[PDB]
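Peer 1: I am attaching a structure below and will ask some questions about it afterwards.
Chains as they are written, first to last, in UniProt numbering: chain A, 1 to 138; chain B, 1 to 138; chain C, 1 to 138.
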């Protein structure tokens with residue numbers, strides 16, 4: 001179902017000029033993360049830039065995590081993806097939420113302030129507990 | 001447990017010459033997605049090609065999503081991975097299911113029609129509801 | 001909640017010189033996977049190396065999977081990520097757990113034996129059951 005996530009706004013544009021992350025529709029899996037830039041950023045082929053989303057989140061439950069993923073169309077069509085490929089957010093992380101924006105493509109691409117550059121999916125996770133064995137059972 | 005997913009077949013080879021996506025075993029996490037090509041495709045180093053799977057899916061439940069991921073061995077050994085890195089499918093998406101096939105490797109690779117080029121994992125997701133705070137609690 | 005995972009130690013350094021994978025904190029989503037190398041490995045720009053974690057796991061439940069993901073900071077700052085982008089581990093897989101370490105960066109990077117090179121997230125998955133339809137309902 002649903003999960004309450006605390007949000008701290010670090011850039012005053014968020015909620016104003018740049019909407020807070022939101023599900024585009026009722027059936028969307030991911031919330032859109034936007035580039036909180038002071039000017040357009042032209043990201044060169046194979047360049048990585050660390051971009052602020054203008055917020056911090058705190059998931060607050062040990063069996064919840066979030067992953068930052070590329071946008072499907074932008075990642076395919078323009079190669080704007082993530083330098084760390086999938087950004088995993090721990091339930092106890094409280095820092096600024098940053099996107100490692102990597103242009104894997106062969107052409108430069110300009111991201112304007114407020115443009116959607118990734119998405120955030122909140123998901124349930126399990127906590128593994130190991131048992132060391134000599135041979136696996138079952 | 002299980003989840004019913006509606007499937008629309010867009011290429012008549014699916015279910016015939018090219019098996020529908022299936023779990024290889026009872027313990028497989030992912031269903032294999034195959035390249036619905038009219039001829040072999042030689043994908044050059046660093047090239048991305050959008051490839052049809054010959055179907056459309058509709059997950060139909062707001063707390064279910066699917067991710068398209070590279071094959072482990074093909075992605076490691078040959079660099080055949082995804083141009084958008086992880087393709088997230090929303091519960092309300094109804095369009096053709098396409099794979100952004102990116103050859104990150106240094107050698108060209110030939111994909112034959114019907115070859116497995118990615119896998120699809122169906123998973124539960126949470127719907128985040130934000131609360132804006134000045135300082136995080138707990 | 002939690003999930004028991006059987007672990008087979010293949011390199012005697014594991015648990016000794018190199019800690020077993022563990023959650024760094026109570027709120028960590030991922031367990032750290034370490035490089036079980038016999039000497040430091042200098043991974044060239046765009047090179048992929050298959051690196052042993054010195055173990056094998058067996059998740060053992062059909063609705064559990066695990067994904068190997070890059071480290072967030074190492075993947076962003078140094079481009080040390082995964083050749084297959086996300087390594088999905090099936091519930092019935094029993095083989096050595098290996099990391100496809102890809103340096104997507106422009107500079108070489110040296111990984112020392114025992115260094116953390118990826119993380120492993122254990123998560124619930126659904127088993128899809130298709131129904132072929134001519135038109136989607138609902």
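The C-beta atom is built at its ideal place from N, Cα and C for all residues, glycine as well.
Could one say the Cβ of residue 111 of chain A lies closer than 8 Å to chain C's Cβ atoms, at least one of them?
Peer 2: So no, residue 111 of chain A is outside the interface.
Peer 1: Nearest to residue 102 of chain A by alpha carbon, out of A/85, A/132, A/130, A/60?
Peer 2: A/85
Peer 1: Judging by CA-CA distance, which residue of B/60, B/64, B/6, B/115 is the nearest neighbour of residue 32 of chain B?
Peer 2: B/115
Peer 1: Can the beta-carbon of residue 43 of chain A be found closer than 8 Å to that of residue 36 of chain A?
Peer 2: Against a cut-off of 8 Å, the Cβ pair of residue 36 of chain A and residue 43 of chain A comes out as no contact.
Peer 1: Below 8 Å between beta carbons: does that hold for residue 88 of chain B and residue 30 of chain A?
Peer 2: Yes, they are a contact pair.
Peer 1: In terms of alpha-carbon separation, which member of A/136, A/47, A/70, A/132 lies closest to residue 108 of chain A?
Peer 2: A/47
Peer 1: Give a yes or no on whether the minimum CB-CB distance between residue 124 of chain B and chain C is below 8 Å.
Peer 2: yes
Peer 1: Does residue 74 of chain B come out as helix, strand or coil in the three-state DSSP assignment?
Peer 2: Residue 74 of chain B: helix per DSSP, three-state reduction.
Peer 1: Assuming residue 131 of chain A and residue 52 of chain C are in contact, meaning their beta carbons sit under 8 Å apart, how far apart are those beta carbons, in whole angstroms?
Peer 2: Contact doesn't hold; Cβ gap of about 21 Å is too wide.
Peer 1: Measuring straight from C-alpha to C-alpha, what distance separates residue 16 of chain C and residue 133 of chain A?
Peer 2: 16 Å
Peer 1: Just curious, the beta strand (DSSP E) that residue 96 of chain B is in, first and last residue?
Peer 2: Run containing residue 96 of chain B: 96-103, per the beta strand (DSSP E) assignment.
Peer 1: Is DSSP giving residue 124 of chain B helix, strand or coil here?
Peer 2: strand
Peer 1: Is the distance from the Cβ of residue 136 of chain C to the Cβ of residue 94 of chain B below 8 Å?
Peer 2: yes
Peer 1: In the DSSP output, which residue or residues are listed as bridge partners for residue 86 of chain A?
Peer 2: None, per the DSSP bridge assignment.
Peer 1: Once DSSP output is grouped into helix, strand and coil, what is the label at residue 13 of chain B?
Peer 2: Per DSSP, reduced to three states, the secondary structure at residue 13 of chain B is coil, with no helix or strand assignment.
Peer 1: Closer than 7 Å to a non-hydrogen atom of the ligand ADP - does that hold for the CB of residue 58 of chain C?
Peer 2: Although the ligand ADP was asked about, the structure shown includes no ligands whatsoever.
Peer 1: Measure the Cβ-Cβ separation of residue 113 of chain C and residue 39 of chain C and say whether it is below 8 Å.
Peer 2: yes
Peer 1: Which word fits residue 119 of chain A, buried or exposed, when buried means at least 16 other C-beta atoms lie within 10 angstroms of its C-beta?
Peer 2: buried
Peer 1: Please confirm if residue 137 of chain A has its CB atom under 8 Å from at least one CB of chain C.
Peer 2: yes
Peer 1: Count the other CB atoms, across all protein chains shown, that sit within 10 Å of the CB of residue 138 of chain C; report buried if there are 16 or more and exposed otherwise.
Peer 2: So residue 138 of chain C ends up on the exposed side.
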